[PDB]
Each structure stands twice: as C-alpha cells, then as structure tokens.
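Only one structure is covered here, and it is reproduced in the block below.
Protein chains: 2
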Amino acid sequence: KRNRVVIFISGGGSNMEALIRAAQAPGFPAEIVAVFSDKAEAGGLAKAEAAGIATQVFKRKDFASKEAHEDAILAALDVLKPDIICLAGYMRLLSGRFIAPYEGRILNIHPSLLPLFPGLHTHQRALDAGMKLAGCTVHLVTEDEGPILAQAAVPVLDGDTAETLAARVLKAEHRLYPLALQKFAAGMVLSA
Amino acid sequence: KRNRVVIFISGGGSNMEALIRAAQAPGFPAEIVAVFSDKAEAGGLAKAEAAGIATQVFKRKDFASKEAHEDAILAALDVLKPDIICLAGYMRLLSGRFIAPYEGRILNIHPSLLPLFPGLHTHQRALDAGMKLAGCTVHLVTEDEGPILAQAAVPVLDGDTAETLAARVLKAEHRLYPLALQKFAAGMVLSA
Ligand SMILES: [Cl-]
Ligand SMILES: [Cl-]
Numbered sequence: 002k003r004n005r006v007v008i009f010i011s012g013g014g015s016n017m018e019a020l021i022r023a024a025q026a027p028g029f030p031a032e033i034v035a036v037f038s039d040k041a042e043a044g045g046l047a048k049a050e051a052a053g054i055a056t057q058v059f060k061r062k063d064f065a066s067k068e069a070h071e072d073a074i075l076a077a078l079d080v081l082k083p084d085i086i087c088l089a090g091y092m093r094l095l096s097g098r099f100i101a102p103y104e105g106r107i108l109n110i111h112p113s114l115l116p117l118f119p120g121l122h123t124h125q126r127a128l129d130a131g132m133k134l135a136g137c138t139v140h141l142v143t144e147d148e149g150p151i152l153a154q155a156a157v158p159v160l161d162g163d164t165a166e167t168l169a170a171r172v173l174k175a176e177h178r179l180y181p182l183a184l185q186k187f188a189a199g200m201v202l203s204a
Numbered sequence: 002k003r004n005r006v007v008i009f010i011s012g013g014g015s016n017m018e019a020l021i022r023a024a025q026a027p028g029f030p031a032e033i034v035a036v037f038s039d040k041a042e043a044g045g046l047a048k049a050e051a052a053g054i055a056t057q058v059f060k061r062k063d064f065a066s067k068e069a070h071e072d073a074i075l076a077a078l079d080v081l082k083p084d085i086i087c088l089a090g091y092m093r094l095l096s097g098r099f100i101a102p103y104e105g106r107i108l109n110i111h112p113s114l115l116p117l118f119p120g121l122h123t124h125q126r127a128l129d130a131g132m133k134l135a136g137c138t139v140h141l142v143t144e147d148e149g150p151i152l153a154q155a156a157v158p159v160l161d162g163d164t165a166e167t168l169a170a171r172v173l174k175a176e177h178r179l180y181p182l183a184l185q186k187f188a189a199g200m201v202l203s204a
C-alpha cells in the first residue's frame, strides 16, 4: 500500500505537478490523493484536475477566524486519511495546533540552502552575497524550521539574474521533491 | 608567461600540494614559485621541497612585532614578484596594510559554503544544522570576507561525522582551488 499524500498550493503548482508526475511511475511509494488550495485562482488546481486528482479550495475569507479555517481544512484532511502532507508554494503559516495531528508528516520545499535565506527573495539574496552555488531544501514543518530532509545545489553562472537563477533552482526542486518523498515514504558540483 | 604564485601554509599543506600538482600540467596558467610558512614544523614544506619549490619560513616569535613580521614577509614576496598569492591553511590574520600591495590578488580557501560558517568547526556546524550538502569556497581576501570566486558542494551522508565529512569536502577543495586559480589567472548535486 502506497503512502497517501495531500499537496497544498497557493499558486501555479510547478512543484505540485512534479510530485504528481513522479508518483505516476510504477513502484513509486506514494499516491497523490488530493491538492488543497487557499486560492481558487491558483493555476495548480486546473493542472491537478487534468491529471485526475481531487481538489479542494478553502478561502480564509470564508471563515470567521484563522482557527475556523484550519478546522475546516483538518476535517477535510481527515476524510482523505493522508499519511504525508506536502506544502508546495502554500502561502499561509500553519499553527502548532494544525501541525500536531500530522507531527513529523508535513514536508515543505524552500528555494534556498537552509539555514541560509529562510524567508523571501532567496535567489536575489544568493546573488547579493556573491555565492556561486544555490539550491533548494525539503524539510519537515514543526510545532520556523524543522529537520532538513534533502537538499540540492546548482551553479550560479556569471551574468545570472534572480529570474535566470530561479529557473535553474526550480529544475532542481522538481527533482528534489520527489526524491525526498520517495526516501520519506519508503558526487560534487563545482562552480567557478 | 604564466602567473607567478606564492602559496602560504601553516600545516600539512594538502591544498598546497593540490595547487602544485595542478600547476605541473602543460598550459596551466600559473606557476608555483614559492611556499611560505609561519611554522617550521608545517608538513607542507617537506612536500613543496620534494616537488622542487623554494620555501621560506618567517616565525612570528622572531620579530619584535606583528608589523615587523609582515614587513619581512612583504620584502621576501617582493623579490619573488608574485602575481597571485594563495592562502592554503595559513593561520594568521593579514592586516589591511599587508593586503594593500596585493589588493585583489590574494585568494583563500575556506571549508564551508560562505557566508555560512565563516570561522572554525565548519563540518561539525553543517551536521549540527542538519544540512544535506556542504562544501568549500575560494574567495578574495580584502582590506573578514572578500568577493567569492568559486564554490563546490558535496553531499552529507547519513551517518557522517565531522571527520568523514571533512575528508569528502577536502577532495572537493583539491579540485576547487586549481579551478579558481585557473579562472582567476587566465549540473546539480542532490542529497536525500
Ligand atoms: Cl528572488
Ligand atoms: Cl569540524
């Protein structure tokens, strides 16, 4: 029996779609049972629907408080019985209270080499620090910053912008998230 | 005409020896003209001598002040006419005054992914932060921390110690320093 995964998104769902694609393979140890979003306009939803994955939207504005919003989400999760929850560009902070029932089972991808640049603008920040490598991190989300599960590095090239660098790191995220999920559920880069 | 390089060491000279080895190749754009040490017991000296490189020791204890020590070193450098100075485990801080005549021409290797862990115990620190990649950085030394020139990353494996990790990063340093010197003088790693 494969691990049941629910992916959360708020935007275009690039990493969500990478997870859905990797999970189609024979013997992959997880299946994607739903994609949840806090935004109806999130481009990832249409992508999930086209690949035949159930989708659910819970808008914050539709509840009287953040707790009522997390409560609706938890009740909805419970009917799906996920084993693993993957955040893939979800833009809301999870309370400790939300995390508790899924302690140790919530993963997140972040486009820096944590603990560097744990907040926003990670690619510009790498360029501003003059770094020659950058990358991404999958970690557990904890009751900021649970245990790192996996990391990937790519070169920063002469002449990169935040946009060119982000696009390269994103190829790496597409490969890293499935690998971390595979490891969870079941040489060197030189830049000069 | 090749770039003339003087390497500084205080210890066994592993990276010094990597630079000396890379420079033997036809068409390599640098030659190693001397190795300087602040310690007569530095194991790198014997290695330099066996490869036919002139060596010089200036002990701090033999001068009345740090300035007189840097003064002797600068005068000695001047007779060798280096174009590039490489620090390879040299354990003394260079004053701005020492750096000025070689501004932009002094390189250093550090066994972390700067700006992470810029001081000591870099491998233990990476393990304590739970990182899955670690590596090394060649940077310019400035009148801590000049512009990064090159970086390399290697995986941190399940079960690494500071010692196993240091040894892996050291293979990467051996490859990184020559590459940075080559660039100066003239895809991705996933870990889960
Ligand atoms: Cl950015
Ligand atoms: Cl260490």
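Keeping their order, the protein sequence lines are chains A and A'. A prime marks a further copy of an entry chain. Heads up: the first sequence is residues 2 to 144, 147 to 189, 199 to 204, going by the entry's author numbering. Heads up: the second sequence is residues 2 to 144, 147 to 189, 199 to 204, going by the entry's author numbering. In this text, a Cβ means the ideal position worked out from N, Cα and C, and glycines have one as well.
- Task: Check whether the Cβ of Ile86 (chain A') lies closer than 8 Å to any Cβ atom in chain A.
- Result: Counting from 1 along the second sequence, the entry for residue 86 (chain A') is found at position 85. No, its Cβ sits nowhere closer than 8 Å to a Cβ of chain A.
- At least 3 beta-carbon pairs within less than 8 Å: the region 8 to 16 of chain A' vs the region 37 to 44 of chain A': Enough Cβ pairs lie closer than 8 Å, so yes.
- Task: Grab the span of the beta strand (DSSP E) containing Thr167 (chain A) for me, first residue to last.
- Result: If you number the first sequence from 1, residue 167 (chain A) lands on position 164. Unbroken run through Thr167 (chain A) is the alpha helix (DSSP H), 165 to 188; no beta strand (DSSP E).
- Task: Please decide whether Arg178 (chain A) counts as near chain A', where near means a Cβ-Cβ distance under 8 Å.
- Result: As a first step, residue 178 (chain A) must be located in the first sequence, where it is residue number 175. Taking Cβ atoms only, chain A' reaches closer than 8 Å to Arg178 (chain A), which makes this a yes.
- Message: Between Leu134 (chain A') and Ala153 (chain A'), how many whole angstroms is the CB-CB distance? I'm expecting something under 8 Å.
- Response: What you label residue 134 (chain A') is simply residue 133 of the second sequence in a count that begins at 1. What you label residue 153 (chain A') is simply residue 150 of the second sequence in a count that begins at 1. With 8 Å as the limit, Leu134 (chain A') and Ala153 (chain A') do not qualify as a contact, their Cβ atoms being about 16 Å apart.
- Task: Please classify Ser38 (chain A'): does DSSP put it in a helix, a strand, or coil?
- Result: Reading the second sequence from its first residue, position 37 is the one you call residue 38 (chain A'). Note: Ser38 (chain A') maps to strand in three-state DSSP.
- Report yes or no: is there a C-beta of chain A' within less than 8 Å of the C-beta of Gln125 (chain A)? Sequence index remark: in the first sequence, residue 125 (chain A) carries index 124 (1-based). Not one beta carbon of chain A' lies nearer than 8 Å to the beta carbon of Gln125 (chain A).
- Taking a cut-off of 5 Å, which residues have a beta-carbon closer than that to any heavy atom of ligand 2, in chain order? Working through the chain, the matches are A':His122, A':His124, A':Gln125, A':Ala165.
- Classification of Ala41 (chain A') by the beta-carbon crowding that lies within 10 angstroms, buried from 16 upward: Within the second sequence, residue 41 (chain A') is the residue found at index 40, counting from 1. Counting Cβ neighbours within 10 Å, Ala41 (chain A') comes out exposed, since fewer than 16 surround it.
- Task: Please say whether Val157 (chain A') and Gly136 (chain A') have beta carbons closer to each other than 8 Å?
- Result: Mapped onto the second sequence, residue 136 (chain A') falls at position 135. Mapped onto the second sequence, residue 157 (chain A') falls at position 154. With contacts defined by Cβ atoms closer than 8 Å, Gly136 (chain A') and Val157 (chain A') form a contacting pair.
- Item | For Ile86 (chain A), the residue or residues it bridges with in DSSP | Position 85 of the first sequence, counting from 1, holds the residue named residue 86 (chain A). By DSSP's assignment, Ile86 (chain A) forms a beta bridge with A:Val7, A:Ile107.
- Item | Candidates A:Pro30, A:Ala189, A:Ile151, A:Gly14, of which the one nearest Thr56 (chain A) by Cα | As a working mapping, residue 56 (chain A) is identified with position 55 in the first sequence. The candidate whose alpha carbon is nearest that of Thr56 (chain A) is A:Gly14.
- Message: For ligand 1, I want to know if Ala130 (chain A) counts as a neighbour, meaning its beta carbon is within less than 7 Å of at least one of the ligand's heavy atoms.
- Response: Looking up residue 130 (chain A) in the first sequence gives position 129. It does not: the Cβ of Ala130 (chain A) is nowhere closer than 7 Å to a heavy atom of ligand 1.
- Item | the region 157 to 167 of chain A touching the region 116 to 131 of chain A', judged by at least three CB pairs closer than 8 Å | Output reads no: the region 116 to 131 of chain A' does not touch the region 157 to 167 of chain A.
- Query: What distance in whole Å lies between the Cβ atoms of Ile33 (chain A) and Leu20 (chain A), which are believed to be in contact at a cut-off of 8 Å?
  - Reply: By one-based count along the first sequence, residue 20 (chain A) stands at place 19. By one-based count along the first sequence, residue 33 (chain A) stands at place 32. Between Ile33 (chain A) and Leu20 (chain A) the Cβ distance is about 6 Å, and since that is below 8 Å, they are a contact.
- Item | Interface partners of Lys186 (chain A') on chain A, CB under 9 Å | Start at 1 with the first residue of the second sequence, and residue 186 (chain A') comes out as number 183. Those are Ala204, listed as they occur along chain A.
- Query: When DSSP labels each residue in this structure, what does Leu128 (chain A) get in the three-state scheme?
  - Reply: The residue given as residue 128 (chain A) occupies position 127 in the first sequence. Looking at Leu128 (chain A) - three-state DSSP - the assignment turns out to be helix.
- Message: On the DSSP letters alone, give me the boundaries of the alpha helix (DSSP H) that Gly136 (chain A') sits inside.
- Response: As a first step, residue 136 (chain A') must be located in the second sequence, where it is residue number 135. First-last for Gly136 (chain A'): 134 to 141, but that is the beta strand (DSSP E), not the alpha helix (DSSP H).
- Task: Verify the CB distance criterion: does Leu128 (chain A) have a CB-CB separation below 8 Å to chain A'?
- Result: The sequence position of residue 128 (chain A) within the first sequence is 127, counting from 1. No, its Cβ sits nowhere closer than 8 Å to a Cβ of chain A'.
- Please check if any C-beta of chain A sits within less than 8 Å of the C-beta of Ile151 (chain A'). Stepping through the second sequence from its first residue, residue 151 (chain A') is reached at position 148. Under the Cβ distance rule, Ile151 (chain A') counts among the residues neighbouring chain A, one pair being separated by less than 8 Å.
- Query: Tell me the DSSP bridge mates of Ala31 (chain A)?
  - Reply: Stepping through the first sequence from its first residue, residue 31 (chain A) is reached at position 30. A:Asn4.
- Item | Min CB distance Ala189 (chain A) to chain A' below 8 Å | Along the first sequence, read from residue 1 onward, the residue named residue 189 (chain A) stands at position 186. Taking CB atoms only, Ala189 (chain A) has no neighbour in chain A' less than 8 Å away.
- Query: Any beta-carbon of chain A' closer than 8 Å to the one on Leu117 (chain A)?
  - Reply: Taking the first sequence and counting its residues from 1, the one referred to as residue 117 (chain A) is at position 116. Yes, contact with chain A'.
- Message: Would you say the beta carbon of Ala169 (chain A) is closer than 7 Å to some non-hydrogen atom of ligand 1?
- Response: By 1-based counting over the first sequence, the position of residue 169 (chain A) is 166. True, at least one ligand heavy atom lies under 7 Å from that Cβ.
- Kindly list, in the order they appear in chain A', the residues whose Cβ is closer than 7 Å to that of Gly131 (chain A). Here residue 131 (chain A) is taken as the residue at index 130 of the first sequence, counted from 1. Contact note: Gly131 (chain A) reaches chain A' through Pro150, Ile151, using a C-beta cutoff of 7 Å and chain order.
- For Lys60 (chain A') and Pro30 (chain A'), the rounded distance between their alpha carbons: Here residue 30 (chain A') is taken as the residue at index 29 of the second sequence, counted from 1. Here residue 60 (chain A') is taken as the residue at index 59 of the second sequence, counted from 1. Those two C-alpha atoms are separated by around 31 Å.
- Residues bridged to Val159 (chain A) (per DSSP): The sequence position of residue 159 (chain A) within the first sequence is 156, counting from 1. Per DSSP, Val159 (chain A) has no beta bridge partner at all.
- Coil, strand or helix - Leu117 (chain A) by DSSP: By 1-based counting over the first sequence, the position of residue 117 (chain A) is 116. DSSP, reduced to helix, strand and coil, places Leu117 (chain A) outside both helices and strands of the structure shown, so it counts as coil.
- Message: Strictly under 8 Å for the Cβ-Cβ distance: is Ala156 (chain A) near chain A' by that measure?
- Response: Against the first sequence, residue 156 (chain A) aligns to sequence position 153. It does; some Cβ of chain A' falls within 8 Å.
- Cβ of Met92 (chain A') within 8 Å of any chain A Cβ: Taking the second sequence and counting its residues from 1, one reaches residue 92 (chain A') at position 91. Judged by the 8 Å Cβ criterion, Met92 (chain A') is not in contact with chain A.
- Task: Give the C-beta separation of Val142 (chain A') and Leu95 (chain A') to the nearest angstrom, bearing in mind that I take them to be a contact with Cβ-Cβ under 8 Å.
- Result: By 1-based counting over the second sequence, the position of residue 142 (chain A') is 141. By 1-based counting over the second sequence, the position of residue 95 (chain A') is 94. That belief holds up - the Cβ atoms of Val142 (chain A') and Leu95 (chain A') are roughly 6 Å apart, short of 8 Å.
- Query: Can you name the residues that DSSP bridges to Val80 (chain A')?
  - Reply: Within the second sequence, residue 80 (chain A') is the residue found at index 79, counting from 1. Partner(s): none; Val80 (chain A') has no beta bridge.
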